[PDB]
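Report on the structure given below.
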Amino acid sequence: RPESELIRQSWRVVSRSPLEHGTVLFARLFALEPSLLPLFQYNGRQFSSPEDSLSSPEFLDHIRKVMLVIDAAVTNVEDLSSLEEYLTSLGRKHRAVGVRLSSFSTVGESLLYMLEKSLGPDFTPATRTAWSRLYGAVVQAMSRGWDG
Ligand code: HEM
Ligand SMILES: [Xe]
Ligand SMILES: [Xe]
Ligand SMILES: [Xe]
Ligand SMILES: [Xe]
Ligand SMILES: [Xe]
Ligand SMILES: [Xe]
Ligand SMILES: [Xe]
């Protein structure tokens, strides 16, 4: 597939510096949906402001975890059915921490933002479309974790 190749090529640029790129993704996310901030409760305390989250080692580790899951999705872009069961359980976990299924579309827009910013002129409409479809497949598998 040509879509598969657009994904693997663009991901190559981003995955050189995953924390730097993942920081962009979460900075964008909190700018779009500030009500996601209290869902990161480490030691039972809440971040007051989005900049607080950036000095938390646990929060930075969660950015690394995110980037690892995307990496696994890119690795298996040709056959995602093998990640399906892990992704369902990952959805169930996020339901438990208080994440609403609707928030995963803001996460989707934040990922596209971070790609657009990182790739500039190389972020073509074909590339955008490919990532959108892949993210779509990932969300579908995760959404099974929300009971339905
Ligand atoms: C709506 C945005 C999200 C919020 C508020 C959020 C919050 C959390 C919290 C509070 C935990 C448990 C504490 C921790 O491990 O840091 C967690 C676990 C995790 N999250 Fe996220 N998360 C979000 C989105 C994502 C996305 C999009 C991915 C991957 C694509 C992801 C991957 C993970 C992984 C891999 C774990 C560890 C799961 C386990 O094995 O227990 N999260 N999430
Ligand atoms: Xe952030
Ligand atoms: Xe931020
Ligand atoms: Xe971890
Ligand atoms: Xe990572
Ligand atoms: Xe990565
Ligand atoms: Xe993501
Ligand atoms: Xe993805």
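Within each chain, counting starts at residue 1; across the structure tokens, chains are named A, B, ... in the order shown, with ligands numbered 1 upward in that order.
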
- For residue 133 of chain A, please output as a PyMOL selection string all residues within 10 Å (counting only C-alpha atoms; exclusion window: fewer than 6 positions along the same chain). chain A and resi 3+127+139

- Please provide the set of residues having any atom within 12 Å of segment 6-22 of chain A, restricted to only C-alpha atoms, with same-chain residues fewer than 5 positions apart removed, written as a ChimeraX atom specification. /A:1,27-29,54,57,59-78,107,110-135

Export, as an mmCIF file, in the first residue's frame, the selected residues with C-alpha atoms.
data_model
loop_
_atom_site.group_PDB
_atom_site.id
_atom_site.type_symbol
_atom_site.label_atom_id
_atom_site.label_comp_id
_atom_site.auth_asym_id
_atom_site.auth_seq_id
_atom_site.Cartn_x
_atom_site.Cartn_y
_atom_site.Cartn_z
ATOM 1 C CA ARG A 1 0.000 0.000 0.000
ATOM 2 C CA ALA A 27 0.841 20.867 24.867
ATOM 3 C CA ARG A 28 -1.643 21.099 21.966
ATOM 4 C CA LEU A 29 -4.098 18.742 23.722
ATOM 5 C CA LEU A 54 5.980 19.185 32.146
ATOM 6 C CA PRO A 57 8.598 12.542 35.685
ATOM 7 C CA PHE A 59 3.792 12.554 33.089
ATOM 8 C CA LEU A 60 6.886 12.540 30.874
ATOM 9 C CA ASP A 61 6.948 8.693 31.140
ATOM 10 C CA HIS A 62 3.335 8.637 29.943
ATOM 11 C CA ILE A 63 4.423 10.673 26.875
ATOM 12 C CA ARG A 64 7.063 7.975 26.209
ATOM 13 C CA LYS A 65 4.364 5.264 26.591
ATOM 14 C CA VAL A 66 2.130 7.057 24.094
ATOM 15 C CA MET A 67 4.914 7.325 21.534
ATOM 16 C CA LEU A 68 5.696 3.562 22.040
ATOM 17 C CA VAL A 69 2.085 2.606 21.247
ATOM 18 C CA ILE A 70 2.090 4.706 18.062
ATOM 19 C CA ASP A 71 5.426 3.098 17.129
ATOM 20 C CA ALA A 72 3.806 -0.342 17.514
ATOM 21 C CA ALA A 73 0.879 0.764 15.330
ATOM 22 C CA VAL A 74 3.267 1.992 12.579
ATOM 23 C CA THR A 75 5.298 -1.219 12.878
ATOM 24 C CA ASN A 76 2.080 -3.221 12.324
ATOM 25 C CA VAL A 77 0.349 -0.870 9.908
ATOM 26 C CA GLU A 78 -0.166 -3.704 7.377
ATOM 27 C CA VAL A 107 -6.149 13.521 20.823
ATOM 28 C CA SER A 110 -3.409 16.962 18.436
ATOM 29 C CA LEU A 111 -1.492 14.149 16.719
ATOM 30 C CA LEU A 112 -2.250 15.680 13.273
ATOM 31 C CA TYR A 113 -1.122 19.080 14.601
ATOM 32 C CA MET A 114 2.157 17.672 15.802
ATOM 33 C CA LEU A 115 2.708 15.900 12.443
ATOM 34 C CA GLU A 116 1.837 19.087 10.483
ATOM 35 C CA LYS A 117 4.273 21.140 12.601
ATOM 36 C CA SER A 118 7.090 18.643 12.423
ATOM 37 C CA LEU A 119 6.892 17.808 8.687
ATOM 38 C CA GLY A 120 5.832 21.204 7.265
ATOM 39 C CA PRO A 121 5.660 21.032 3.409
ATOM 40 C CA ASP A 122 6.059 17.211 3.607
ATOM 41 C CA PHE A 123 2.718 16.933 5.426
ATOM 42 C CA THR A 124 0.685 16.476 2.262
ATOM 43 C CA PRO A 125 -3.055 15.833 2.129
ATOM 44 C CA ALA A 126 -2.260 12.142 1.301
ATOM 45 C CA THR A 127 -0.156 11.900 4.508
ATOM 46 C CA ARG A 128 -2.860 13.552 6.561
ATOM 47 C CA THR A 129 -5.412 11.080 5.143
ATOM 48 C CA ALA A 130 -3.226 8.020 5.864
ATOM 49 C CA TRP A 131 -2.635 8.999 9.538
ATOM 50 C CA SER A 132 -6.259 9.845 9.948
ATOM 51 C CA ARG A 133 -7.227 6.342 8.792
ATOM 52 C CA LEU A 134 -4.635 4.655 10.992
ATOM 53 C CA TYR A 135 -5.614 6.691 14.077
#

- Quick one: everything within 12 Å of residue 52 of chain A, counting only C-alpha atoms, minus sequence neighbours fewer than 4 positions away in the same chain. Send it as a list in words. residues 27, 30, 37, 38, 40, 45, 46, 47, 48, 56, 57, 58, 59 and 60 of chain A

Take the residues from that selection and write them out as a PDB file, in the first residue's frame, keeping N, CA, C and O atoms.
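Below you can see part-v4.pdb, which holds the result:
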ATOM      1  N   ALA A  27       1.034  19.393  24.727  1.00  0.00           N
ATOM      2  CA  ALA A  27       0.841  20.867  24.867  1.00  0.00           C
ATOM      3  C   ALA A  27      -0.378  21.318  24.062  1.00  0.00           C
ATOM      4  O   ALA A  27      -1.223  22.082  24.563  1.00  0.00           O
ATOM      5  N   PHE A  30      -3.817  20.033  25.771  1.00  0.00           N
ATOM      6  CA  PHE A  30      -4.293  20.798  26.918  1.00  0.00           C
ATOM      7  C   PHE A  30      -4.780  22.172  26.475  1.00  0.00           C
ATOM      8  O   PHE A  30      -5.679  22.731  27.128  1.00  0.00           O
ATOM      9  N   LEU A  37      -6.616  17.933  31.953  1.00  0.00           N
ATOM     10  CA  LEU A  37      -5.512  18.073  32.922  1.00  0.00           C
ATOM     11  C   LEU A  37      -5.687  17.312  34.251  1.00  0.00           C
ATOM     12  O   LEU A  37      -4.727  16.683  34.665  1.00  0.00           O
ATOM     13  N   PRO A  38      -6.866  17.354  34.914  1.00  0.00           N
ATOM     14  CA  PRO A  38      -6.908  16.677  36.230  1.00  0.00           C
ATOM     15  C   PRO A  38      -6.898  15.166  36.153  1.00  0.00           C
ATOM     16  O   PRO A  38      -6.840  14.501  37.204  1.00  0.00           O
ATOM     17  N   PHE A  40      -4.624  13.299  35.026  1.00  0.00           N
ATOM     18  CA  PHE A  40      -3.277  12.858  35.423  1.00  0.00           C
ATOM     19  C   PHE A  40      -2.998  13.098  36.885  1.00  0.00           C
ATOM     20  O   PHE A  40      -2.406  14.123  37.242  1.00  0.00           O
ATOM     21  N   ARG A  45      -2.442  13.934  43.587  1.00  0.00           N
ATOM     22  CA  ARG A  45      -2.466  15.400  43.438  1.00  0.00           C
ATOM     23  C   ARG A  45      -2.742  15.795  41.980  1.00  0.00           C
ATOM     24  O   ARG A  45      -2.486  14.995  41.065  1.00  0.00           O
ATOM     25  N   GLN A  46      -3.321  16.990  41.793  1.00  0.00           N
ATOM     26  CA  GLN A  46      -3.725  17.483  40.487  1.00  0.00           C
ATOM     27  C   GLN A  46      -2.751  18.566  40.075  1.00  0.00           C
ATOM     28  O   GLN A  46      -2.353  19.403  40.907  1.00  0.00           O
ATOM     29  N   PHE A  47      -2.393  18.592  38.794  1.00  0.00           N
ATOM     30  CA  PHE A  47      -1.681  19.742  38.230  1.00  0.00           C
ATOM     31  C   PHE A  47      -2.599  20.940  38.142  1.00  0.00           C
ATOM     32  O   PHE A  47      -3.754  20.799  37.713  1.00  0.00           O
ATOM     33  N   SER A  48      -2.093  22.110  38.522  1.00  0.00           N
ATOM     34  CA  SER A  48      -2.908  23.341  38.468  1.00  0.00           C
ATOM     35  C   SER A  48      -2.947  23.865  37.092  1.00  0.00           C
ATOM     36  O   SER A  48      -3.996  24.278  36.604  1.00  0.00           O
ATOM     37  N   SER A  56       6.769  16.896  35.708  1.00  0.00           N
ATOM     38  CA  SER A  56       6.441  15.644  36.403  1.00  0.00           C
ATOM     39  C   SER A  56       7.098  14.463  35.678  1.00  0.00           C
ATOM     40  O   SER A  56       6.817  14.225  34.510  1.00  0.00           O
ATOM     41  N   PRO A  57       7.971  13.702  36.365  1.00  0.00           N
ATOM     42  CA  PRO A  57       8.598  12.542  35.685  1.00  0.00           C
ATOM     43  C   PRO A  57       7.555  11.486  35.239  1.00  0.00           C
ATOM     44  O   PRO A  57       7.672  10.959  34.149  1.00  0.00           O
ATOM     45  N   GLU A  58       6.519  11.267  36.029  1.00  0.00           N
ATOM     46  CA  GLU A  58       5.467  10.320  35.636  1.00  0.00           C
ATOM     47  C   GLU A  58       4.724  10.752  34.384  1.00  0.00           C
ATOM     48  O   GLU A  58       4.368   9.929  33.551  1.00  0.00           O
ATOM     49  N   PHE A  59       4.471  12.048  34.272  1.00  0.00           N
ATOM     50  CA  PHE A  59       3.792  12.554  33.089  1.00  0.00           C
ATOM     51  C   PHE A  59       4.670  12.417  31.865  1.00  0.00           C
ATOM     52  O   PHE A  59       4.195  12.059  30.787  1.00  0.00           O
ATOM     53  N   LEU A  60       5.955  12.759  31.994  1.00  0.00           N
ATOM     54  CA  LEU A  60       6.886  12.540  30.874  1.00  0.00           C
ATOM     55  C   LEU A  60       6.977  11.050  30.465  1.00  0.00           C
ATOM     56  O   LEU A  60       7.066  10.738  29.268  1.00  0.00           O
TER      57      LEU A  60
END

Please provide as an mmCIF file with N, CA, C and O atoms, in the first residue's frame all residues within 10 Å of residue 81 of chain A, with the sequence filter that same-chain residues fewer than 6 positions apart are discarded (counting only C-alpha atoms).
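Full text of out-v6.cif as output:
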data_model
loop_
_atom_site.group_PDB
_atom_site.id
_atom_site.type_symbol
_atom_site.label_atom_id
_atom_site.label_comp_id
_atom_site.auth_asym_id
_atom_site.auth_seq_id
_atom_site.Cartn_x
_atom_site.Cartn_y
_atom_site.Cartn_z
ATOM 1 N N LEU A 87 -5.086 -3.211 22.487
ATOM 2 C CA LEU A 87 -5.708 -1.875 22.380
ATOM 3 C C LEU A 87 -7.041 -1.822 23.128
ATOM 4 O O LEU A 87 -7.345 -0.825 23.787
ATOM 5 N N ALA A 137 -8.406 3.524 12.995
ATOM 6 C CA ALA A 137 -8.398 2.082 13.260
ATOM 7 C C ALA A 137 -7.994 1.818 14.703
ATOM 8 O O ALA A 137 -8.562 0.965 15.363
ATOM 9 N N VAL A 138 -7.015 2.574 15.188
ATOM 10 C CA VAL A 138 -6.579 2.448 16.583
ATOM 11 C C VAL A 138 -7.691 2.794 17.562
ATOM 12 O O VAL A 138 -7.924 2.046 18.512
ATOM 13 N N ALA A 141 -10.460 -0.016 17.781
ATOM 14 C CA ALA A 141 -10.020 -1.113 18.653
ATOM 15 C C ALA A 141 -10.094 -0.720 20.125
ATOM 16 O O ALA A 141 -10.583 -1.481 20.923
#

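Across A:108, A:145, A:136, A:34, the tightest approach to ligand 7 is made by A:108 when counting only C-alpha atoms and all ligand atoms.
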
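Closest to residue 148 of chain A among A:23, A:92, A:49, A:86 is A:92, based on only C-alpha atoms.
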